[PDB]
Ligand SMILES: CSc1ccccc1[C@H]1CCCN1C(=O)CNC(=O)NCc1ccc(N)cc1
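This document starts with one chain, in the form solved without this ligand, laid out as C-alpha coordinates.
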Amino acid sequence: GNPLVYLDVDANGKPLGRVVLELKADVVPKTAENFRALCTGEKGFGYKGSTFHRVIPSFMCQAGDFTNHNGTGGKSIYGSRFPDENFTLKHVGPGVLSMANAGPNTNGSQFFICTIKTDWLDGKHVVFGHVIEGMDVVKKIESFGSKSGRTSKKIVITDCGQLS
(Lines give C-alpha, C1' and ligand atoms only; values in the text may rest on other atoms or scores of the structure.)
Protein backbone atom coordinates (compact mmCIF):
# COMPACT_ATOMS: atom_id res chain seq x y z
CA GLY A 1 0.00 0.00 0.00
CA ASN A 2 0.89 3.71 0.29
CA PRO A 3 4.17 4.45 2.08
CA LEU A 4 4.38 5.57 5.69
CA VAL A 5 7.31 7.85 6.50
CA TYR A 6 8.46 9.67 9.66
CA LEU A 7 10.14 12.90 10.80
CA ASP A 8 11.63 13.14 14.31
CA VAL A 9 11.75 16.81 15.26
CA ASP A 10 13.77 18.71 17.91
CA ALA A 11 13.16 22.29 19.07
CA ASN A 12 16.27 23.96 20.48
CA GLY A 13 17.97 20.59 20.69
CA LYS A 14 15.32 18.66 22.60
CA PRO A 15 12.96 16.12 21.06
CA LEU A 16 9.32 16.99 20.39
CA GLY A 17 8.42 13.54 19.08
CA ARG A 18 7.58 12.00 15.74
CA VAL A 19 5.35 13.03 12.83
CA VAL A 20 4.13 10.09 10.73
CA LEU A 21 2.98 10.84 7.18
CA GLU A 22 1.05 8.68 4.70
CA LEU A 23 2.05 9.43 1.10
CA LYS A 24 -0.64 9.14 -1.58
CA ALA A 25 1.44 7.24 -4.12
CA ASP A 26 -1.76 5.95 -5.75
CA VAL A 27 -2.71 9.52 -6.67
CA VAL A 28 0.69 11.25 -7.04
CA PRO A 29 3.33 8.52 -7.40
CA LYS A 30 6.16 10.78 -8.58
CA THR A 31 5.65 13.34 -5.84
CA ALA A 32 5.25 10.65 -3.18
CA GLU A 33 8.41 8.85 -4.33
CA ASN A 34 10.52 11.97 -4.17
CA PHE A 35 9.45 12.60 -0.57
CA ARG A 36 9.90 8.96 0.44
CA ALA A 37 13.45 8.84 -0.89
CA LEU A 38 14.39 12.20 0.69
CA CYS A 39 13.21 10.78 4.05
CA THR A 40 15.32 7.62 3.74
CA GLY A 41 18.28 9.55 2.33
CA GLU A 42 18.92 6.67 -0.06
CA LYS A 43 20.13 8.93 -2.90
CA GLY A 44 22.88 10.37 -0.65
CA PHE A 45 20.94 13.50 0.31
CA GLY A 46 17.63 14.41 1.95
CA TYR A 47 15.85 15.83 4.95
CA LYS A 48 17.96 14.46 7.81
CA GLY A 49 19.51 17.35 9.71
CA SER A 50 17.44 20.07 7.97
CA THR A 51 14.97 22.55 9.48
CA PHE A 52 11.49 23.94 9.58
CA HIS A 53 12.55 27.41 8.43
CA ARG A 54 9.19 29.14 7.94
CA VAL A 55 6.29 28.58 10.32
CA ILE A 56 3.12 30.73 10.49
CA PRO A 57 0.63 30.10 13.30
CA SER A 58 -2.90 29.26 12.12
CA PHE A 59 -1.51 28.52 8.64
CA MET A 60 1.30 25.98 8.10
CA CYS A 61 4.77 24.72 8.93
CA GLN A 62 7.29 24.71 6.05
CA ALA A 63 10.52 22.66 5.75
CA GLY A 64 12.65 20.72 3.23
CA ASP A 65 15.28 23.23 2.17
CA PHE A 66 18.17 20.95 2.94
CA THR A 67 20.64 22.87 0.76
CA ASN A 68 20.19 26.55 1.76
CA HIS A 69 18.04 26.17 4.92
CA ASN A 70 16.08 29.36 4.10
CA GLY A 71 13.39 28.72 1.49
CA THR A 72 15.52 29.36 -1.62
CA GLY A 73 16.99 25.87 -2.07
CA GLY A 74 16.32 22.14 -2.07
CA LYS A 75 16.45 19.62 -4.93
CA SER A 76 14.39 16.59 -5.93
CA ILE A 77 15.62 13.08 -6.59
CA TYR A 78 14.89 13.68 -10.31
CA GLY A 79 16.78 16.95 -10.77
CA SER A 80 16.58 20.42 -9.26
CA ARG A 81 12.84 20.87 -9.99
CA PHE A 82 9.96 18.76 -11.30
CA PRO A 83 6.46 19.34 -12.67
CA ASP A 84 3.15 19.63 -10.84
CA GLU A 85 1.89 16.07 -11.06
CA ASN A 86 -1.80 16.89 -10.51
CA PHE A 87 -4.04 18.90 -8.19
CA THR A 88 -6.44 16.06 -7.41
CA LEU A 89 -6.03 16.09 -3.59
CA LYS A 90 -7.20 19.28 -1.89
CA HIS A 91 -6.00 21.32 1.10
CA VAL A 92 -8.89 20.09 3.22
CA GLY A 93 -7.76 20.87 6.74
CA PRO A 94 -5.10 20.41 9.39
CA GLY A 95 -2.54 17.68 8.68
CA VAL A 96 -2.39 18.09 4.90
CA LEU A 97 1.08 17.53 3.41
CA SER A 98 1.73 19.61 0.27
CA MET A 99 4.63 20.78 -1.92
CA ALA A 100 5.95 24.29 -1.53
CA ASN A 101 6.89 25.96 -4.79
CA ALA A 102 7.91 29.17 -6.58
CA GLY A 103 5.20 29.04 -9.21
CA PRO A 104 4.02 26.41 -11.63
CA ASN A 105 6.20 23.34 -12.07
CA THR A 106 8.85 24.28 -9.48
CA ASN A 107 8.58 21.38 -7.01
CA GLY A 108 11.89 20.44 -5.43
CA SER A 109 12.15 19.23 -1.85
CA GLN A 110 10.33 21.91 0.14
CA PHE A 111 7.02 20.99 1.73
CA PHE A 112 4.50 22.19 4.24
CA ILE A 113 2.10 20.70 6.75
CA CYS A 114 -1.10 22.70 7.10
CA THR A 115 -2.60 23.50 10.48
CA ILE A 116 -5.91 24.73 8.97
CA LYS A 117 -7.88 24.31 5.75
CA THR A 118 -6.05 26.34 3.09
CA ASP A 119 -8.43 26.20 0.12
CA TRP A 120 -6.80 29.02 -1.84
CA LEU A 121 -3.80 26.76 -2.44
CA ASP A 122 -5.94 24.22 -4.29
CA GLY A 123 -4.80 24.11 -7.91
CA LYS A 124 -1.50 25.80 -7.02
CA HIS A 125 0.28 23.34 -4.68
CA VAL A 126 0.43 19.57 -5.09
CA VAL A 127 -1.04 17.78 -2.09
CA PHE A 128 0.59 14.39 -1.66
CA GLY A 129 -0.03 13.10 1.89
CA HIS A 130 -1.36 13.64 5.39
CA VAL A 131 -0.39 13.35 9.02
CA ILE A 132 -1.25 9.88 10.41
CA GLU A 133 0.23 10.51 13.88
CA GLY A 134 1.93 13.40 15.62
CA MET A 135 -0.41 16.38 15.17
CA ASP A 136 0.66 17.22 18.74
CA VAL A 137 4.20 17.70 17.45
CA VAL A 138 2.96 19.77 14.50
CA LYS A 139 1.07 22.02 16.95
CA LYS A 140 4.26 22.47 18.98
CA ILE A 141 6.16 23.41 15.85
CA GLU A 142 3.36 25.83 14.89
CA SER A 143 3.55 27.48 18.31
CA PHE A 144 7.18 28.43 17.58
CA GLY A 145 6.32 30.39 14.44
CA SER A 146 5.28 34.00 13.89
CA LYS A 147 3.30 36.14 11.44
CA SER A 148 6.49 36.76 9.46
CA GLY A 149 7.34 33.05 9.28
CA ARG A 150 10.44 33.49 11.48
CA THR A 151 10.77 30.73 14.06
CA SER A 152 11.49 31.50 17.72
CA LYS A 153 13.15 28.11 18.32
CA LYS A 154 15.48 26.17 16.05
CA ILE A 155 13.31 23.38 14.63
CA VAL A 156 15.38 20.47 13.28
CA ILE A 157 14.45 17.16 11.63
CA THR A 158 17.04 15.06 13.48
CA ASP A 159 16.02 11.74 11.95
CA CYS A 160 13.65 10.61 9.19
CA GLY A 161 12.85 7.53 7.19
CA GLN A 162 10.34 4.97 6.00
CA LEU A 163 8.11 2.79 8.22
CA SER A 164 6.37 0.77 5.46
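In this text, residue numbers run from 1 along the sequence as written.
K.L.:
Out of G108, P57, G95, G134, which shows the largest CA B-factor listed in the entry?
P.N.:
Among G108, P57, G95, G134, the highest C-alpha B-factor in the entry belongs to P57.
K.L.:
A102: which third of its chain by C-alpha temperature factor?
P.N.:
It belongs to the highest third of the chain when residues are ordered by C-alpha B-factor.
K.L.:
Quick one: classify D26 as lowest, middle or highest third of the chain based on its Cα B-factor.
P.N.:
Answer is highest: the recorded C-alpha B-factor places it there.
K.L.:
Mind checking which third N70 falls in for C-alpha B-factor across the chain?
P.N.:
For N70, the deposited C-alpha B-factor lands in the highest third.
K.L.:
How does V19 rank on Cα B-factor within its chain, lowest, middle or highest third?
P.N.:
Answer is middle: the recorded C-alpha B-factor places it there.
K.L.:
How does the C-alpha B factor of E42 compare with the rest of the chain: lowest, middle or highest third?
P.N.:
For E42, the deposited C-alpha B-factor lands in the highest third.
From this point on, the text means the form solved in complex with this ligand, which you will not see here.
K.L.:
Since exactly one of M60, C39, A32, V138 fits, which has a heavy atom within 4.5 Å of this ligand in the deposited complex?
P.N.:
The option sitting close enough to the partner is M60.
K.L.:
Does this ligand come within 4.5 Å of any heavy atom of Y47 in the deposited complex?
P.N.:
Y47: no contact with this ligand in the deposited complex.
K.L.:
Would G71 count as a contact of this ligand in the deposited complex, using a 4.5 angstroms cut-off between non-hydrogen atoms?
P.N.:
Within the cut-off, so yes.
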